Amino acid sequence: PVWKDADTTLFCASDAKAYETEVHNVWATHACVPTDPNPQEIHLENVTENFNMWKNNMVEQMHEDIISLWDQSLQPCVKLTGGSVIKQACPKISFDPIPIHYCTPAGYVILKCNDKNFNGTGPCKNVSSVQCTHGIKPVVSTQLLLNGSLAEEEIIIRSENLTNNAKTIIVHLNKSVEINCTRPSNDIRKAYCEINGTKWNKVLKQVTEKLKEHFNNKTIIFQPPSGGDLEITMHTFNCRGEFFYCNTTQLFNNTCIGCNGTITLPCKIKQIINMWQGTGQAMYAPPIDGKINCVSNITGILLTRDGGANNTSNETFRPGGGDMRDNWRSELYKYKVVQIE
Ligand SMILES: C[C@@H]1CN(C(=O)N2C[C@H](CO)C[C@H](C(=O)Nc3ccc(Cl)c(F)c3)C2)C[C@H](C)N1C
Ligand SMILES: *[C@@H]1O[C@H](CO)[C@@H](O)[C@H](O)[C@H]1NC(C)=O
Ligand SMILES: *[C@@H]1O[C@H](CO)[C@@H](O)[C@H](O)[C@H]1NC(C)=O
Ligand SMILES: *[C@@H]1O[C@H](CO)[C@@H](O)[C@H](O)[C@H]1NC(C)=O
Ligand SMILES: *[C@@H]1O[C@H](CO)[C@@H](O)[C@H](O)[C@H]1NC(C)=O
Ligand SMILES: *[C@@H]1O[C@H](CO)[C@@H](O)[C@H](O)[C@H]1NC(C)=O
Ligand SMILES: *[C@@H]1O[C@H](CO)[C@@H](O)[C@H](O)[C@H]1NC(C)=O
Ligand SMILES: *[C@@H]1O[C@H](CO)[C@@H](O)[C@H](O)[C@H]1NC(C)=O
Ligand SMILES: *[C@@H]1O[C@H](CO)[C@@H](O)[C@H](O)[C@H]1NC(C)=O
Ligand SMILES: *[C@@H]1O[C@H](CO)[C@@H](O)[C@H](O)[C@H]1NC(C)=O
Ligand SMILES: *[C@@H]1O[C@H](CO)[C@@H](O)[C@H](O)[C@H]1NC(C)=O
Ligand SMILES: *[C@@H]1O[C@H](CO)[C@@H](O)[C@H](O)[C@H]1NC(C)=O
Ligand SMILES: *[C@@H]1O[C@H](CO)[C@@H](O)[C@H](O)[C@H]1NC(C)=O
Ligand SMILES: *[C@@H]1O[C@H](CO)[C@@H](O)[C@H](O)[C@H]1NC(C)=O
Ligand SMILES: [Cl-]
Ligand SMILES: [Cl-]
Ligand SMILES: [Cl-]
């Protein structure tokens, strides 16, 4: 037994099939080990550990991994960084995120919180020790968290500090909503996403009811973002190498709270991108021919609540995003690196 909170350089593991030209497979082929063929978490009886997803170095180390992965894979034709114009080739590559694991070196270990209602902050009773995390797809996106895990029971909200309106709110759905996005073949940048309105409006109600429990039964309002750049104002994600920008006004505004068809969101495949890894912009080539389709699971929402509403009866929320660290936080919340003393 015995341990103390600390961090160390982690290493990764994946099922990266060799020869596969998919850029996540080739990055994990040369940078990760094959996953443990025989894991085993030694359950710790009557233990109580304190976690903190918002102050966790694991998400920082995962962040630099995805920065590096994206930095070797999808290379932009022209990168406008720091005021420079570093040009390149931009071969249309194969893109499809693979689950990645994070495993302690000898001398350290990860603790996993098995409390089904754990919100990512503070005490946890059902603690267990693991050598690796689990298969985590590094899906880069804003507004909506796609292709992740779901809450095991009720809807969990996650925030470093709910009263602080500047701290991001992560909503962990206990049930996914299918997002189906397509770019029909022969405007080649014209695309759309289909969401079944009955599913979405239902879980959006459950979210608003759970959100009500954490704001003194205040009226909960869902409005679209208060301006900014397109990466924040629209649900942005990457599908088969193409950067999709989808207008989600029909989701935080169609407050059907004669409306339960299939919501069709408008989308544009953008070339000039505002990077998430930092710095500035990236210019990619026009989309590949053929039908560009990706069907993903909506498993989380990145929310931000308006400030000066203390003296009112409403709490308005808008979809957030931009810091991919919160995206990794959405799956690494239950994990925590401890060194054995
Ligand atoms: C977390 C921030 C990142 N950052 C920014 O400047 N921006 C501003 C930019 C527009 O304002 C949008 C950036 C974004 O999230 N882009 C994006 C790109 C592709 C896809 Cl697929 C996606 F889902 C999102 C966020 C720099 C800084 C080092 N970091 C703190
Ligand atoms: C604690 O979590 C583990 C993980 O599956 C499992 O044994 C069970 O859900 C919990 N144990 C108890 C005794 O409740
Ligand atoms: C989407 O969600 C369903 C049910 O929640 C699940 O069975 C399925 O495996 C998920 N798909 C992916 C790609 O994770
Ligand atoms: C999800 O959690 C909500 C609580 O906000 C609950 O009302 C609902 O029944 C749950 N649904 C599932 C499928 O777990
Ligand atoms: C998270 O859970 C802890 C312990 O149950 C509680 O003290 C804290 O207020 C919760 N935070 C949020 C944002 O729900
Ligand atoms: C009122 O606003 C301040 C910031 O201006 C914030 O610190 C405080 O938490 C708010 N009141 C409540 C009850 O949250
Ligand atoms: C949470 O936010 C409020 C509002 O600014 C602040 O007064 C309070 O100190 C914060 N809590 C912590 C633990 O920092
Ligand atoms: C996704 O949309 C395309 C185009 O509308 C359609 O052909 C396909 O059947 C849809 N799939 C799902 C699972 O909704
Ligand atoms: C919110 O409203 C419900 C009514 O369904 C009530 O039972 C509950 O106590 C209220 N919560 C708070 C924190 O006032
Ligand atoms: C999204 O579409 C609505 C119309 O439904 C429009 O008013 C809004 O400006 C669009 N969003 C952006 C960021 O342009
Ligand atoms: C949706 O929000 C936009 C502002 O972004 C506004 O044009 C429109 O009136 C809203 N829709 C509804 C039904 O209120
Ligand atoms: C709308 O929902 C009702 C049940 O609430 C269902 O019977 C009806 O078929 C739905 N409408 C459409 C067009 O699917
Ligand atoms: C949406 O999903 C619900 C299941 O929650 C289903 O009953 C309904 O028929 C779906 N509507 C459409 C238009 O696909
Ligand atoms: C989500 O997973 C599905 C199935 O693996 C895949 O087709 C889709 O492209 C993924 N979505 C994103 C945004 O990576
Ligand atoms: Cl191993
Ligand atoms: Cl060019
Ligand atoms: Cl309103």
# chains A, B, ... in the order shown; residues from 1 in each chain; ligands from 1
$ residues_around --residues "residue 53 in chain A" --least-positions-apart "3" --cutoff "10 Å" --atoms "only C-alpha atoms" --output "short mmCIF file (atom, residue, chain, number, x, y, z; two decimals) with N, CA and C atoms, in the first residue's frame"
data_model
loop_
_atom_site.label_atom_id
_atom_site.label_comp_id
_atom_site.auth_asym_id
_atom_site.auth_seq_id
_atom_site.Cartn_x
_atom_site.Cartn_y
_atom_site.Cartn_z
N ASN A 56 -5.33 18.13 -13.40
CA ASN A 56 -4.80 16.79 -13.62
C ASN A 56 -3.77 16.86 -14.74
N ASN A 57 -2.57 16.35 -14.47
CA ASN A 57 -1.49 16.41 -15.45
C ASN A 57 -1.65 15.38 -16.56
N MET A 58 -2.45 14.33 -16.35
CA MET A 58 -2.68 13.35 -17.41
C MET A 58 -3.26 14.00 -18.65
N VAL A 59 -4.22 14.91 -18.48
CA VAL A 59 -4.83 15.56 -19.63
C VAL A 59 -3.82 16.47 -20.33
N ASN A 119 -18.45 13.27 -10.16
CA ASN A 119 -18.53 14.44 -11.02
C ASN A 119 -17.16 14.97 -11.44
N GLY A 120 -16.09 14.25 -11.11
CA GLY A 120 -14.75 14.67 -11.47
C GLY A 120 -14.03 15.49 -10.42
N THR A 121 -14.68 15.81 -9.30
CA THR A 121 -14.09 16.69 -8.30
C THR A 121 -14.33 16.12 -6.91
N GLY A 122 -13.25 16.01 -6.14
CA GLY A 122 -13.34 15.72 -4.73
C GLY A 122 -13.31 14.24 -4.39
N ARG A 158 -20.09 18.60 -14.93
CA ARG A 158 -18.71 18.69 -14.47
C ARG A 158 -18.26 20.13 -14.60
N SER A 159 -17.75 20.69 -13.51
CA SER A 159 -17.23 22.05 -13.53
C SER A 159 -16.23 22.22 -12.40
N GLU A 160 -15.15 22.95 -12.68
CA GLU A 160 -14.20 23.30 -11.63
C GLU A 160 -14.85 24.15 -10.56
N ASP A 326 -10.35 20.22 -22.21
CA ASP A 326 -11.63 19.84 -21.65
C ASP A 326 -12.18 18.59 -22.33
N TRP A 328 -10.35 16.03 -23.47
CA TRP A 328 -9.69 14.90 -22.83
C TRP A 328 -10.15 14.75 -21.39
N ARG A 329 -10.40 15.88 -20.71
CA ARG A 329 -10.91 15.85 -19.35
C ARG A 329 -12.20 15.05 -19.25
N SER A 330 -12.99 15.03 -20.33
CA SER A 330 -14.28 14.36 -20.32
C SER A 330 -14.16 12.85 -20.20
N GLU A 331 -12.99 12.29 -20.51
CA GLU A 331 -12.78 10.85 -20.41
C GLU A 331 -11.74 10.46 -19.38
N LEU A 332 -10.77 11.33 -19.10
CA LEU A 332 -9.73 11.08 -18.11
C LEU A 332 -10.13 11.50 -16.71
N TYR A 333 -11.37 11.96 -16.52
CA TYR A 333 -11.79 12.49 -15.23
C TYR A 333 -11.67 11.45 -14.12
N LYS A 334 -12.00 10.19 -14.43
CA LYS A 334 -11.98 9.14 -13.42
C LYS A 334 -10.59 8.62 -13.11
N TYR A 335 -9.57 9.07 -13.84
CA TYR A 335 -8.21 8.59 -13.66
C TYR A 335 -7.36 9.63 -12.93
N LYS A 336 -6.25 9.15 -12.37
CA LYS A 336 -5.39 9.97 -11.52
C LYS A 336 -4.10 9.23 -11.20
#
$ select_by_dssp --residues "range 154-288 of chain A" --states "strand (DSSP E)" --output "number ranges by chain"
A: 156-158, 169-183, 190-196, 219-222, 235-239, 242-246, 262-270, 272-274, 281-283
$ residues_around --residues "residue 304 in chain A" --least-positions-apart "5" --cutoff "8 Å" --atoms "only C-alpha atoms" --output "short mmCIF file (atom, residue, chain, number, x, y, z; two decimals) with N, CA and C atoms, in the first residue's frame"
data_model
loop_
_atom_site.label_atom_id
_atom_site.label_comp_id
_atom_site.auth_asym_id
_atom_site.auth_seq_id
_atom_site.Cartn_x
_atom_site.Cartn_y
_atom_site.Cartn_z
N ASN A 165 -18.70 31.68 -13.56
CA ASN A 165 -19.27 31.53 -14.90
C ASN A 165 -18.21 31.38 -15.98
N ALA A 166 -16.94 31.68 -15.68
CA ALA A 166 -15.88 31.55 -16.67
C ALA A 166 -15.34 30.13 -16.76
N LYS A 167 -15.62 29.28 -15.78
CA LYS A 167 -15.15 27.90 -15.81
C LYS A 167 -16.09 27.05 -16.65
N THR A 168 -15.52 26.24 -17.53
CA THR A 168 -16.31 25.49 -18.50
C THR A 168 -17.15 24.42 -17.81
N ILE A 169 -18.37 24.23 -18.32
CA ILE A 169 -19.28 23.21 -17.83
C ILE A 169 -19.28 22.06 -18.82
N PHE A 317 -27.41 29.40 -20.92
CA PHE A 317 -26.24 28.60 -21.25
C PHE A 317 -26.05 28.56 -22.76
N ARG A 318 -24.80 28.57 -23.20
CA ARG A 318 -24.45 28.53 -24.61
C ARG A 318 -23.36 27.50 -24.84
N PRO A 319 -23.38 26.82 -25.99
CA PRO A 319 -22.35 25.81 -26.27
C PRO A 319 -20.97 26.44 -26.36
N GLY A 320 -20.01 25.85 -25.65
CA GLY A 320 -18.66 26.32 -25.62
C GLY A 320 -17.71 25.44 -26.41
#
$ closest_residue --among "A:21, A:84, A:163, A:142" --to "ligand 5" --atoms "only C-alpha atoms and all ligand atoms"
A:163
$ residues_near_ligand --ligand "ligand 15" --cutoff "8 Å" --atoms "only C-alpha atoms and all ligand atoms" --output "JSON, numbers by chain"
{"A": [13, 33, 34, 35, 36, 37, 103]}
$ residues_near_ligand --ligand "ligand 6" --cutoff "9 Å" --atoms "only C-alpha atoms and all ligand atoms" --output "MDAnalysis selection string"
chainID A and resid 162:165 215 307:311
$ residues_around --residues "residue 186 in chain A" --least-positions-apart "5" --cutoff "9 Å" --atoms "only C-alpha atoms" --output "list in words"
residues 289, 290 and 291 of chain A
$ write_last_selection --atoms "C-alpha atoms" --output "PDB file, in the first residue's frame"
ATOM      1  CA  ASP A 289     -14.559  13.754 -54.103  1.00  0.00           C
ATOM      2  CA  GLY A 290     -17.231  11.234 -53.182  1.00  0.00           C
ATOM      3  CA  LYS A 291     -19.760  11.207 -50.366  1.00  0.00           C
TER       4      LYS A 291
END
$ closest_residue --among "A:214, A:195, A:100, A:83" --to "ligand 5" --atoms "only C-alpha atoms and all ligand atoms"
A:214
$ residues_near_ligand --ligand "ligand 2" --cutoff "10 Å" --atoms "only C-alpha atoms and all ligand atoms" --output "mmCIF file with N, CA, C and O atoms, in the first residue's frame"
data_model
loop_
_atom_site.group_PDB
_atom_site.id
_atom_site.type_symbol
_atom_site.label_atom_id
_atom_site.label_comp_id
_atom_site.auth_asym_id
_atom_site.auth_seq_id
_atom_site.Cartn_x
_atom_site.Cartn_y
_atom_site.Cartn_z
ATOM 1 N N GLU A 41 -7.331 -4.789 -12.457
ATOM 2 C CA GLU A 41 -7.359 -3.722 -11.464
ATOM 3 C C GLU A 41 -7.592 -4.343 -10.092
ATOM 4 O O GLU A 41 -8.622 -4.982 -9.853
ATOM 5 N N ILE A 42 -6.618 -4.173 -9.199
ATOM 6 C CA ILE A 42 -6.684 -4.741 -7.858
ATOM 7 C C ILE A 42 -7.583 -3.825 -7.032
ATOM 8 O O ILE A 42 -7.193 -2.713 -6.668
ATOM 9 N N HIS A 43 -8.799 -4.289 -6.751
ATOM 10 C CA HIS A 43 -9.774 -3.482 -6.029
ATOM 11 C C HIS A 43 -9.273 -3.164 -4.626
ATOM 12 O O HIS A 43 -8.784 -4.044 -3.913
ATOM 13 N N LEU A 44 -9.387 -1.897 -4.240
ATOM 14 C CA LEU A 44 -8.960 -1.422 -2.931
ATOM 15 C C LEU A 44 -10.189 -1.275 -2.038
ATOM 16 O O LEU A 44 -11.118 -0.530 -2.373
ATOM 17 N N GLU A 45 -10.193 -1.981 -0.909
ATOM 18 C CA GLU A 45 -11.371 -2.060 -0.053
ATOM 19 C C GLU A 45 -11.408 -0.915 0.952
ATOM 20 O O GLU A 45 -10.405 -0.614 1.607
ATOM 21 N N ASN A 46 -12.583 -0.297 1.074
ATOM 22 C CA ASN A 46 -12.838 0.790 2.023
ATOM 23 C C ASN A 46 -11.744 1.851 1.966
ATOM 24 O O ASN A 46 -11.152 2.237 2.976
ATOM 25 N N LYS A 112 -8.456 4.601 -10.448
ATOM 26 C CA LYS A 112 -9.682 4.799 -11.206
ATOM 27 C C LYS A 112 -10.869 4.826 -10.254
ATOM 28 O O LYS A 112 -11.028 3.922 -9.424
ATOM 29 N N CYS A 113 -11.694 5.864 -10.373
ATOM 30 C CA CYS A 113 -12.858 6.036 -9.512
ATOM 31 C C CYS A 113 -14.052 5.320 -10.130
ATOM 32 O O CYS A 113 -14.474 5.652 -11.243
ATOM 33 N N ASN A 114 -14.597 4.344 -9.408
ATOM 34 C CA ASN A 114 -15.721 3.549 -9.877
ATOM 35 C C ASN A 114 -17.063 4.056 -9.365
ATOM 36 O O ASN A 114 -18.084 3.397 -9.582
ATOM 37 N N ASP A 115 -17.086 5.200 -8.683
ATOM 38 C CA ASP A 115 -18.347 5.788 -8.251
ATOM 39 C C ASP A 115 -19.132 6.250 -9.473
ATOM 40 O O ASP A 115 -18.688 7.142 -10.204
ATOM 41 N N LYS A 116 -20.300 5.643 -9.692
ATOM 42 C CA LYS A 116 -21.052 5.885 -10.920
ATOM 43 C C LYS A 116 -21.548 7.321 -11.036
ATOM 44 O O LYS A 116 -21.862 7.766 -12.146
ATOM 45 N N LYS A 125 -15.425 7.071 -3.283
ATOM 46 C CA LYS A 125 -15.369 5.924 -2.386
ATOM 47 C C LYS A 125 -14.889 4.659 -3.088
ATOM 48 O O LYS A 125 -13.979 3.983 -2.600
ATOM 49 N N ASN A 126 -15.488 4.315 -4.228
ATOM 50 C CA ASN A 126 -15.113 3.098 -4.947
ATOM 51 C C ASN A 126 -13.874 3.397 -5.789
ATOM 52 O O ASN A 126 -13.945 3.751 -6.968
ATOM 53 N N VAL A 127 -12.714 3.244 -5.160
ATOM 54 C CA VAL A 127 -11.432 3.478 -5.809
ATOM 55 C C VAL A 127 -10.813 2.138 -6.172
ATOM 56 O O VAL A 127 -11.002 1.129 -5.480
ATOM 57 N N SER A 128 -10.074 2.123 -7.280
ATOM 58 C CA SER A 128 -9.345 0.940 -7.709
ATOM 59 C C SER A 128 -8.089 1.386 -8.442
ATOM 60 O O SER A 128 -8.024 2.493 -8.982
#
$ residues_around --residues "range 60-67 of chain A" --least-positions-apart "2" --cutoff "9 Å" --atoms "only C-alpha atoms" --output "PDB file with C-alpha atoms, in the first residue's frame"
ATOM      1  CA  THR A   9       6.149  10.895 -17.913  1.00  0.00           C
ATOM      2  CA  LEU A  10       3.454   8.487 -19.109  1.00  0.00           C
ATOM      3  CA  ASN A  56      -4.800  16.794 -13.622  1.00  0.00           C
ATOM      4  CA  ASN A  57      -1.493  16.409 -15.450  1.00  0.00           C
ATOM      5  CA  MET A  58      -2.676  13.350 -17.406  1.00  0.00           C
ATOM      6  CA  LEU A  69      -0.199  13.397 -33.657  1.00  0.00           C
ATOM      7  CA  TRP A  70      -2.051  16.096 -35.598  1.00  0.00           C
ATOM      8  CA  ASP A  71       1.308  17.798 -36.198  1.00  0.00           C
ATOM      9  CA  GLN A  72       2.665  14.745 -38.049  1.00  0.00           C
ATOM     10  CA  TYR A 102      -2.123   5.773 -21.005  1.00  0.00           C
ATOM     11  CA  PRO A 138      -8.974  11.535 -29.172  1.00  0.00           C
ATOM     12  CA  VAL A 140     -11.191  16.889 -31.605  1.00  0.00           C
ATOM     13  CA  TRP A 276      -6.790  24.426 -31.649  1.00  0.00           C
ATOM     14  CA  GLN A 277      -3.182  23.369 -31.007  1.00  0.00           C
ATOM     15  CA  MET A 324      -9.329  20.420 -26.342  1.00  0.00           C
ATOM     16  CA  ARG A 325      -8.011  19.833 -22.809  1.00  0.00           C
ATOM     17  CA  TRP A 328      -9.687  14.902 -22.829  1.00  0.00           C
TER      18      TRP A 328
END
$ residues_near_ligand --ligand "ligand 8" --cutoff "12 Å" --atoms "only C-alpha atoms and all ligand atoms" --output "PDB file with N, CA and C atoms, in the first residue's frame"
ATOM      1  N   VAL A 177     -26.853  10.485 -28.573  1.00  0.00           N
ATOM      2  CA  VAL A 177     -27.723  10.914 -29.663  1.00  0.00           C
ATOM      3  C   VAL A 177     -26.916  10.846 -30.950  1.00  0.00           C
ATOM      4  N   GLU A 178     -27.433  10.125 -31.939  1.00  0.00           N
ATOM      5  CA  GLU A 178     -26.700   9.939 -33.183  1.00  0.00           C
ATOM      6  C   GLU A 178     -26.679  11.227 -34.006  1.00  0.00           C
ATOM      7  N   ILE A 179     -25.480  11.623 -34.435  1.00  0.00           N
ATOM      8  CA  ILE A 179     -25.259  12.734 -35.360  1.00  0.00           C
ATOM      9  C   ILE A 179     -24.777  12.139 -36.684  1.00  0.00           C
ATOM     10  N   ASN A 180     -25.496  12.434 -37.770  1.00  0.00           N
ATOM     11  CA  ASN A 180     -25.215  11.843 -39.077  1.00  0.00           C
ATOM     12  C   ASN A 180     -24.923  12.972 -40.056  1.00  0.00           C
ATOM     13  N   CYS A 181     -23.654  13.110 -40.432  1.00  0.00           N
ATOM     14  CA  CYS A 181     -23.180  14.213 -41.253  1.00  0.00           C
ATOM     15  C   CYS A 181     -22.704  13.689 -42.600  1.00  0.00           C
ATOM     16  N   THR A 182     -23.086  14.384 -43.673  1.00  0.00           N
ATOM     17  CA  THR A 182     -22.817  13.920 -45.026  1.00  0.00           C
ATOM     18  C   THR A 182     -22.419  15.088 -45.918  1.00  0.00           C
ATOM     19  N   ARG A 183     -21.589  14.793 -46.918  1.00  0.00           N
ATOM     20  CA  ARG A 183     -21.223  15.743 -47.967  1.00  0.00           C
ATOM     21  C   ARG A 183     -21.439  15.001 -49.284  1.00  0.00           C
ATOM     22  N   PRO A 184     -22.598  15.184 -49.914  1.00  0.00           N
ATOM     23  CA  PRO A 184     -22.873  14.462 -51.166  1.00  0.00           C
ATOM     24  C   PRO A 184     -21.901  14.850 -52.269  1.00  0.00           C
ATOM     25  N   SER A 185     -21.645  13.896 -53.159  1.00  0.00           N
ATOM     26  CA  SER A 185     -20.717  14.095 -54.258  1.00  0.00           C
ATOM     27  C   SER A 185     -21.424  14.734 -55.451  1.00  0.00           C
ATOM     28  N   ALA A 191     -22.481  20.950 -46.868  1.00  0.00           N
ATOM     29  CA  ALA A 191     -22.738  19.695 -46.175  1.00  0.00           C
ATOM     30  C   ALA A 191     -23.827  19.923 -45.135  1.00  0.00           C
ATOM     31  N   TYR A 192     -24.243  18.834 -44.489  1.00  0.00           N
ATOM     32  CA  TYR A 192     -25.331  18.904 -43.523  1.00  0.00           C
ATOM     33  C   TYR A 192     -25.217  17.740 -42.548  1.00  0.00           C
ATOM     34  N   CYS A 193     -25.801  17.930 -41.365  1.00  0.00           N
ATOM     35  CA  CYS A 193     -25.891  16.891 -40.345  1.00  0.00           C
ATOM     36  C   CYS A 193     -27.352  16.672 -39.982  1.00  0.00           C
ATOM     37  N   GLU A 194     -27.748  15.408 -39.873  1.00  0.00           N
ATOM     38  CA  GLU A 194     -29.103  15.036 -39.490  1.00  0.00           C
ATOM     39  C   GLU A 194     -29.111  14.560 -38.043  1.00  0.00           C
ATOM     40  N   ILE A 195     -29.974  15.167 -37.229  1.00  0.00           N
ATOM     41  CA  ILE A 195     -30.202  14.750 -35.852  1.00  0.00           C
ATOM     42  C   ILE A 195     -31.692  14.481 -35.692  1.00  0.00           C
ATOM     43  N   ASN A 196     -32.032  13.313 -35.165  1.00  0.00           N
ATOM     44  CA  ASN A 196     -33.423  13.051 -34.840  1.00  0.00           C
ATOM     45  C   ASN A 196     -33.862  13.982 -33.712  1.00  0.00           C
ATOM     46  N   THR A 262     -36.712  15.245 -38.003  1.00  0.00           N
ATOM     47  CA  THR A 262     -35.264  15.094 -38.080  1.00  0.00           C
ATOM     48  C   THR A 262     -34.655  16.464 -38.355  1.00  0.00           C
ATOM     49  N   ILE A 263     -33.980  17.025 -37.351  1.00  0.00           N
ATOM     50  CA  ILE A 263     -33.324  18.314 -37.523  1.00  0.00           C
ATOM     51  C   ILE A 263     -32.192  18.171 -38.527  1.00  0.00           C
ATOM     52  N   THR A 264     -32.129  19.097 -39.481  1.00  0.00           N
ATOM     53  CA  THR A 264     -31.077  19.121 -40.494  1.00  0.00           C
ATOM     54  C   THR A 264     -30.261  20.392 -40.293  1.00  0.00           C
ATOM     55  N   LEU A 265     -29.017  20.234 -39.839  1.00  0.00           N
ATOM     56  CA  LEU A 265     -28.166  21.396 -39.615  1.00  0.00           C
ATOM     57  C   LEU A 265     -27.378  21.731 -40.877  1.00  0.00           C
ATOM     58  N   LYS A 291     -18.874  10.854 -51.472  1.00  0.00           N
ATOM     59  CA  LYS A 291     -19.760  11.207 -50.366  1.00  0.00           C
ATOM     60  C   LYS A 291     -18.979  11.101 -49.062  1.00  0.00           C
ATOM     61  N   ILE A 292     -18.810  12.229 -48.380  1.00  0.00           N
ATOM     62  CA  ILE A 292     -18.066  12.288 -47.127  1.00  0.00           C
ATOM     63  C   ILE A 292     -19.074  12.170 -45.990  1.00  0.00           C
ATOM     64  N   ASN A 293     -19.123  11.004 -45.349  1.00  0.00           N
ATOM     65  CA  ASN A 293     -20.120  10.733 -44.325  1.00  0.00           C
ATOM     66  C   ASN A 293     -19.456  10.238 -43.049  1.00  0.00           C
ATOM     67  N   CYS A 294     -19.945  10.737 -41.916  1.00  0.00           N
ATOM     68  CA  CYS A 294     -19.514  10.291 -40.600  1.00  0.00           C
ATOM     69  C   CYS A 294     -20.722  10.291 -39.681  1.00  0.00           C
ATOM     70  N   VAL A 295     -20.988   9.153 -39.055  1.00  0.00           N
ATOM     71  CA  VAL A 295     -22.079   9.020 -38.101  1.00  0.00           C
ATOM     72  C   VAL A 295     -21.457   8.829 -36.719  1.00  0.00           C
ATOM     73  N   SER A 296     -21.664   9.813 -35.847  1.00  0.00           N
ATOM     74  CA  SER A 296     -21.022   9.850 -34.545  1.00  0.00           C
ATOM     75  C   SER A 296     -22.066   9.879 -33.437  1.00  0.00           C
ATOM     76  N   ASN A 297     -21.611   9.562 -32.231  1.00  0.00           N
ATOM     77  CA  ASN A 297     -22.437   9.578 -31.033  1.00  0.00           C
ATOM     78  C   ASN A 297     -22.194  10.879 -30.283  1.00  0.00           C
TER      79      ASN A 297
END
$ select_by_dssp --residues "range 4-37 of chain A" --states "alpha helix (DSSP H)" --output "ChimeraX atom specification"
/A:23-31
$ atom_distance --atom1 "atom 9 (O, counted along the ligand's line) of ligand 12" --atom2 "CA of residue 199 in chain A"
12.6 Å
$ residues_near_ligand --ligand "ligand 10" --cutoff "6 Å" --atoms "only C-alpha atoms and all ligand atoms" --output "ChimeraX atom specification"
/A:233-234,247,249
$ decode --residues "range 307-327 of chain A" --atoms "C-alpha atoms" --output "mmCIF file, in the first residue's frame"
data_model
loop_
_atom_site.group_PDB
_atom_site.id
_atom_site.type_symbol
_atom_site.label_atom_id
_atom_site.label_comp_id
_atom_site.auth_asym_id
_atom_site.auth_seq_id
_atom_site.Cartn_x
_atom_site.Cartn_y
_atom_site.Cartn_z
ATOM 1 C CA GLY A 307 -22.501 36.033 -16.198
ATOM 2 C CA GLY A 308 -24.511 38.927 -14.786
ATOM 3 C CA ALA A 309 -27.677 36.992 -13.955
ATOM 4 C CA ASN A 310 -27.430 37.030 -10.140
ATOM 5 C CA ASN A 311 -30.287 39.542 -9.933
ATOM 6 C CA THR A 312 -32.607 37.692 -12.346
ATOM 7 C CA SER A 313 -34.522 34.399 -12.398
ATOM 8 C CA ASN A 314 -32.816 32.911 -15.475
ATOM 9 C CA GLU A 315 -29.521 31.137 -16.134
ATOM 10 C CA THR A 316 -28.694 31.137 -19.842
ATOM 11 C CA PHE A 317 -26.239 28.598 -21.254
ATOM 12 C CA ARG A 318 -24.452 28.529 -24.609
ATOM 13 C CA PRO A 319 -22.351 25.811 -26.268
ATOM 14 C CA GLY A 320 -18.656 26.325 -25.620
ATOM 15 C CA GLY A 321 -15.403 24.793 -26.760
ATOM 16 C CA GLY A 322 -11.933 25.640 -28.004
ATOM 17 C CA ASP A 323 -9.764 24.053 -25.313
ATOM 18 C CA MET A 324 -9.329 20.420 -26.342
ATOM 19 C CA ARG A 325 -8.011 19.833 -22.809
ATOM 20 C CA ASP A 326 -11.634 19.838 -21.648
ATOM 21 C CA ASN A 327 -12.321 17.210 -24.318
#
